[PDB]
Amino acid sequence: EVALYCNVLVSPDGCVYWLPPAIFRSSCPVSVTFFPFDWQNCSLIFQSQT
Amino acid sequence: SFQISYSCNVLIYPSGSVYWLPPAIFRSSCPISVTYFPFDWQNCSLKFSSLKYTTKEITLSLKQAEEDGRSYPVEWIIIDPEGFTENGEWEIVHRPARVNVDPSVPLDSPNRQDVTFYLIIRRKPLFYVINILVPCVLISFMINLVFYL
Amino acid sequence: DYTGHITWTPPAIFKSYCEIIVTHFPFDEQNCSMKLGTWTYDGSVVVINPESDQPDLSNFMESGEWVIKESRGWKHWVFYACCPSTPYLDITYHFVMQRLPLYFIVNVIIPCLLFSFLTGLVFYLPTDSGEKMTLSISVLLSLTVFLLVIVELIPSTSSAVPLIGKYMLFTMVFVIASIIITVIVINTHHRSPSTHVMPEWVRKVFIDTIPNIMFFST
Amino acid sequence: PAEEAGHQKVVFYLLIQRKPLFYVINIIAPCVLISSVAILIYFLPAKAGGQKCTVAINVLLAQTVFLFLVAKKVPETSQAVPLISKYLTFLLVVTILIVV
Amino acid sequence: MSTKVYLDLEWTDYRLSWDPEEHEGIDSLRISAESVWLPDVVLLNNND
Amino acid sequence: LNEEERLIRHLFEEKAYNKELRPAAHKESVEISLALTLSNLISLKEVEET
Amino acid sequence: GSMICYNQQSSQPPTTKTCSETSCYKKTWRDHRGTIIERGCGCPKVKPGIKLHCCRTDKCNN
């Protein structure tokens, strides 16, 4: 989950804006073949839990 | 971390008895004697008491179990023999359990009564014998070879 | 659901205790289990059943260090002598896994092999070079410094001696024996008539019995 | 399955290149230099006082110190051998051959 | 410096007084700390 | 649920259970029996003395 | 060659099975909840702290 549960901004049309900040530690499988001259392809997968 | 880890359900019975088995992960202070390292043994303790209530409010005692209709106090730490996995470096030699009441502190102190479970544990020196001690001794005894050079 | 069916799929980080057998390290196979059960409910009030015989590995990320060869889940009924009407149920999911040994092959076994190869090289170096002891003692010093690498990289468990640890101790003893034998050879090489008299058995063995096989001058 | 929860995903990718300057300055170039020292023993005399074996084996000792230095920095997976580990093993083997 | 200590805080709350003879001799109570007014005593020079 | 809910409603609503009060007279002590089961011994850290 | 062993748990109603081994075993231990008795075939190697009774007779583990 997100780090801070800030306020949402509700507009007269009912459209809700939310900008919470987050500290995320995500899983990045490190390809080690060319270490320390390597490059990595890390991923951040966001989805609904429920 | 004074408290138990998982606050599970209590079991109550028609007699009014309440049974509670909370599990806990505890980090306690065990002073280390290094005199005979790596052939040393340590004496650690787990001291359980109530900081909310005194001896006037609660009375601590060991569990009373029964064998063949005769009751006895459980004066030891219970270890399930079938399910227990021994620690990688520490063998357990003694597991006593005591109820300690010291008269030095005042009676209105919650620290007057406690139940202490002790672990006397011997180090298994195999790692240190193999990796450090034997090479150290064998290199140190080569100092006698310069007299033949 | 409208029928009262509840599905609950929470995540968790499971830190489980597992008997680790380091006898064959780094080529070891482990079998680690997760026993799950209702803590305060026995089988007579809550019945737990496994969803499948096997744990679900469909969303399993490939591990960096281990390969899971086998996985299964077993339900266990436990009865106690005091109560013969109330079982205690558990479900134990076990995983049999194999370590990938490439890291320890590259970083521990190969330098030990190279030092073991270097150990026997001092016996081709002539004593007149004045470098036999330098070579042997420096091989020992390199092994001693590599002990830092090994104490950093290898688990500190006393349940068993790792196979790689046996290789280490063998190489250490090998180098020490090389040093002792080199001291003996060097002592032999500066034996002089003013200090020593050649025994007859040394002349019988090391001059005629063996060198006749070799190609030099008695 | 449309009724299951987590199947529509928004995935953000980060393709990141490592800046290797620390490893070049502190590990790779000193190791290259110390290993190239061992090539100099072919110009020392082959007699007492030339000190070929001293130089070669002390270079190997320095390389073992470097093994300890990199041992605390390389990842510990086992699909592939790192490039730095391959190079250090190669330098070790070269020093072994120089000693031979 | 990491220490394990027991504080000892004494004060007087005039609102929590009673006559013991009107309550069957009860002269002391053990009340959860969240239920009473506490002084806001903190360690000012904590490092964490 | 019927007898379980009935018993809970009898013990905690009809009888007005108070968890803040000890189950004893004011001058009496409650006997607590304690036992310990060692599930597993994780570690003894020598430097941190723990 | 065959044998009849018992295999029930603890104080459950007795059951029996056919052991192809030359011994039947009773295995007794005590966890925090109570005493467990396991009956079966052979003479297994038990962990320390477990009572074991091996016997070479029909219906001998009870």
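Which of (1) in contact with a helix residue (DSSP H, G or I) (Cβ under 8 Å, 6 or more places away or on another chain); (2) of a type in the set (S, T, N, Q); (3) exposed (fewer than 12 other Cβ atoms within 10 Å of the Cβ) is the odd one out, the single condition C:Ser158 does not satisfy?
(3)
What number of residues within segment G:16-45 satisfy the criterion of being within 11 Å of chain C (Cβ to nearest Cβ) and on the phi > 0 side of the Ramachandran plot?
1
Scan segment C:135-155 for residues that are assigned to a loop (DSSP other than H, G, I, E, B) and surrounded by fewer than 16 Cβ atoms within 10 Å (Cβ to Cβ) and jot them down.
Within segment C:135-155, the subset assigned to a loop (DSSP other than H, G, I, E, B) is C:154-155.
Correct list: C:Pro155 only.
Restricted to segment C:142-163, and to residues that are touching a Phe, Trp or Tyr at 6+ places or on another chain (Cβ under 9 Å) and farther than 25 Å from F:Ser43 by Cβ, which residue is farthest from the other protein chains (Cβ to nearest Cβ)?
Restricting to residues being touching a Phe, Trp or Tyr at 6+ places or on another chain (Cβ under 9 Å) and farther than 25 Å from F:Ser43 by Cβ, the top hit is C:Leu143.
When only residues in segment G:1-24 that are free of Cβ contacts under 8 Å to residues at least 24 places away in the same chain and outside any loop (DSSP other than H, G, I, E, B) count, which is surrounded by the fewest Cβ atoms within 10 Å (Cβ to Cβ)?
Among them, the one singled out is G:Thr18.
State all residues of segment F:2-50 that are hydroxyl-bearing (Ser, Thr, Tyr) and over 23 Å from E:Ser28 (Cβ atoms); if no residue qualifies, say none.
F:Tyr17, F:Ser33, F:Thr37, F:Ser39, F:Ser43, F:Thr50
In segment G:10-24, how many residues are under 17 Å from G:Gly42 (Cβ atoms) and in contact with a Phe, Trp or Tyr (Cβ under 6 Å, 6 or more places away or on another chain)?
1
How many of the residues making up segment D:64-88 are in a helix (DSSP H, G or I), touching a helix residue (DSSP H, G or I) at 6+ places or on another chain (Cβ under 6 Å) and not aliphatic (A, V, I, L, M)?
Adding up the residues that qualify gives 4.
Name every residue in segment B:1-31 that is loosely packed, with under 11 Cβ neighbours inside 10 Å, more than 23 Å from F:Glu31 (Cβ to Cβ) and within 14 Å of chain C (Cβ to nearest Cβ), in order of residue number.
Within segment B:1-31, B:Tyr6 is the sole residue that qualifies.
Select from segment A:27-50 the residues that are in a loop (DSSP other than H, G, I, E, B) and touching a strand residue (DSSP E or B) at 6+ places or on another chain (Cβ under 7 Å) and write down the one among them that is nearest to the other protein chains (Cβ to nearest Cβ).
Of all residues in segment A:27-50, those in a loop (DSSP other than H, G, I, E, B) come to A:27-38, A:47-50.
Narrowing further to those that are touching a strand residue (DSSP E or B) at 6+ places or on another chain (Cβ under 7 Å): A:28, A:30-31.
On the way: A:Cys28: 8, A:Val30: 6, A:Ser31: 7 Å.
Restricting to residues being in a loop (DSSP other than H, G, I, E, B) and touching a strand residue (DSSP E or B) at 6+ places or on another chain (Cβ under 7 Å), the top hit is A:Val30.
Quick one: which residue in B:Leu21, B:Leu46 is in contact (Cβ under 8 Å) with a residue 12 or more places away in the chain and touching a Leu at 6+ places or on another chain (Cβ under 8 Å)?
Details: B:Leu21 fails: touching a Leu at 6+ places or on another chain (Cβ under 8 Å).
On inspection, the qualifying residue turns out to be B:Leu46.
Inside segment G:25-39, can you point out the residues that are of a type in the set (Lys, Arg) and assigned to a strand (DSSP E or B)?
Of everything in segment G:25-39, those that are of a type in the set (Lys, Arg) and assigned to a strand (DSSP E or B) turn out to be G:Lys26, G:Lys27, G:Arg30, G:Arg39.
This table checks each residue for (1) loosely packed, with under 11 Cβ neighbours inside 10 Å; (2) within 14 Å of chain C (Cβ to nearest Cβ).
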position: D:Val11; (1), (2): yes, no
position: D:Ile27; (1), (2): no, no
position: D:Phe43; (1), (2): yes, no
position: D:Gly50; (1), (2): no, yes
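Considering only segment C:13-113, give the strands (runs of 3 or more DSSP E) lying wholly within it that have at least 3 residues that are in contact (Cβ under 8 Å) with a residue 40 or more places away in the chain and either under 22 Å from G:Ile37 (Cα atoms) or more than 13 Å from chain D (Cβ to nearest Cβ) (or both).
Fully inside segment C:13-113 and qualifying: C:29-36, C:88-99.
Can you find even one residue in segment C:172-191 that is assigned to a helix (DSSP H, G or I), in contact with a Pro (Cβ under 8 Å, 6 or more places away or on another chain) and surrounded by 11 or more Cβ atoms within 10 Å (Cβ to Cβ)?
Yes, because at least one residue in segment C:172-191 is assigned to a helix (DSSP H, G or I), in contact with a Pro (Cβ under 8 Å, 6 or more places away or on another chain) and surrounded by 11 or more Cβ atoms within 10 Å (Cβ to Cβ).
Hey, C:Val139 hits all of (1) within 9 Å of chain D (Cβ to nearest Cβ); (2) without any contact (Cβ under 8 Å) to a residue 12 or more places away in the chain; (3) not charged (D, E, K, R) but one; which does it fall short on?
Condition not satisfied by C:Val139: (2).
I need a count of the residues in segment B:32-87 that are within 14 Å of chain G (Cβ to nearest Cβ), part of a loop (DSSP other than H, G, I, E, B) and within 12 Å of F:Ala35 (Cα to Cα).
4
Restricting segment C:114-127 to residues that are touching a residue at least 12 places away in the same chain (Cβ under 8 Å) and at the interface with another protein chain (Cβ under 7 Å from one of its Cβ atoms), which is nearest to B:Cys136 (Cα to Cα)? Steps first, answer last, please.
From segment C:114-127, those touching a residue at least 12 places away in the same chain (Cβ under 8 Å) are C:115-116, C:118-123, C:127; that's our starting set.
From the residues that got through so far, the ones that are at the interface with another protein chain (Cβ under 7 Å from one of its Cβ atoms) too are C:118, C:121.
Numbers: C:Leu118: 21, C:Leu121: 24 Å.
Restricting to residues being touching a residue at least 12 places away in the same chain (Cβ under 8 Å) and at the interface with another protein chain (Cβ under 7 Å from one of its Cβ atoms), the top hit is C:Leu118.
Give just the number: which of (1) more than 25 Å from B:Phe48 (Cβ to Cβ); (2) within 8 Å of chain B (Cβ to nearest Cβ); (3) of a type in the set (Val, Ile, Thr) does F:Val30 not satisfy?
Of the numbered conditions (1) more than 25 Å from B:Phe48 (Cβ to Cβ); (2) within 8 Å of chain B (Cβ to nearest Cβ); (3) of a type in the set (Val, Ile, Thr), the odd one out for F:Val30 is (1).
Would you confirm, using the coordinates I've provided, whether D:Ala56 is within 25 Å of C:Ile154 (Cβ to Cβ), within 10 Å of chain C (Cβ to nearest Cβ) and either among the hydrophobic types (A, V, I, L, M, F, W, C) or in contact with a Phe, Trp or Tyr (Cβ under 9 Å, 6 or more places away or on another chain) (or both)?
On the way: within 25 Å of C:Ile154 (Cβ to Cβ): no; within 10 Å of chain C (Cβ to nearest Cβ): yes; either among the hydrophobic types (A, V, I, L, M, F, W, C) or in contact with a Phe, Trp or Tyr (Cβ under 9 Å, 6 or more places away or on another chain) (or both): yes.
Criteria not met by D:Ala56.
Would you confirm, using the coordinates I've provided, whether F:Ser39 is over 23 Å from the mean Cα position of the chain (by Cα), closer than 30 Å to B:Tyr118 by Cα and among the polar types (S, T, N, Q)?
So F:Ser39 fails the test.
With surrounded by 19 or more Cβ atoms within 10 Å (Cβ to Cβ), within 14 Å of chain B (Cβ to nearest Cβ) and among the basic types (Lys, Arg) as the only criterion, which of C:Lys166, C:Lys132 stands out?
C:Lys132 is the lone residue from the list that is surrounded by 19 or more Cβ atoms within 10 Å (Cβ to Cβ), within 14 Å of chain B (Cβ to nearest Cβ) and among the basic types (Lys, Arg).
Taken together, the values in this text are just the output of simple stated rules run on the coordinates, not laboratory data. With ideal geometry, Cβ positions are generated from the backbone for all residues, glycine too; neighbour counts draw on all protein chains shown.
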